[PDB]
Amino acid sequence: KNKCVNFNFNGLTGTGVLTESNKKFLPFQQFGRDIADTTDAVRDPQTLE
Amino acid sequence: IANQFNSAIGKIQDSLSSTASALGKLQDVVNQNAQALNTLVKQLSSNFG
């Protein structure tokens, strides 16, 4: 976290800096999207944060 | 003439304090440029096929 990485979450490849979010996903959600229709938050599949 | 000028400047302060829409020409420029930057962001959501 807090470093620039080439992430891949469940095939969602991308370049970004990860950070601990306060966005409250309801149980059924795994990705959150921006106004530009791009993912700006994700649930980690091993640690459910 | 001095009292009339001083009283007429008093109405400029009162008008600009009272009515919301006085600077409509300038806010409409800020609104047009912001609406264009928002339309340009929303267009990243288009599939184009």
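Reading the values: rules and limits
- Residues numbered from 1 in each chain as written, not as in the entry; some residues may be left out.
- Chains lettered and ligands numbered in written order.
- Part of a larger assembly, values for the part shown.
- Heavy atoms only, no water.
- Helix = DSSP H or I, 4+ residues; strand = E, 2+ residues; numbered from the N terminus.
- Buried < 20%, exposed > 50% of the residue type's maximum accessible area, 1.4 Å probe, protein only.
- Pairing = 2+ DSSP bridges.
- Salt bridge = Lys/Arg side-chain N within 4 Å of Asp/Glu carboxyl O.

Looking at the method and resolution fields of the entry, one finds cryo-EM and 3.4 Å.

A word on the environment of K3(A). All names here are of chain A. Along the polypeptide, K3 turns up in the segment before β1 (4-9). For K3, a relative accessible area of 62% puts it in the exposed group. Sequence spacing of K3 and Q46 is 43 residues, and the spatial spacing of their C-alpha atoms is 19 Å.

Residue and element names in this part refer to chain A. Taken together, the six bridges between β1 and strand β2 (residues 12-17) define a ladder with antiparallel strand orientation. By the bridge assignment, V5 is partnered in β2 with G16. Adjacent in sequence and paired antiparallel, β1 and β2 are bridged by two residues, among which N10 carries a positive phi angle near 50 degrees.

All names here are of chain A. Enumeration over the complete set of coordinates arrives at four salt bridges over all chains. With a shortest N-O distance of 2.9 Å, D40 and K23 are connected by a salt bridge. Of this pair, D40 sits in strand β4 (residues 39-42) while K23 sits in the loop between β2 and β3 (31-33); the two residues are 17 residues apart in sequence, bridging distant segments of the chain. Note that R33 and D37 form a salt bridge whose closest N and O atoms lie 2.7 Å from each other. Owing to a relative accessible area of 60%, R33 belongs among the exposed residues under this scheme. Take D37: its relative accessible area is 33%, and that puts it in the partly exposed class. If you follow the salt bridges from partner to partner, you end up with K1, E20 and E49 in one network.

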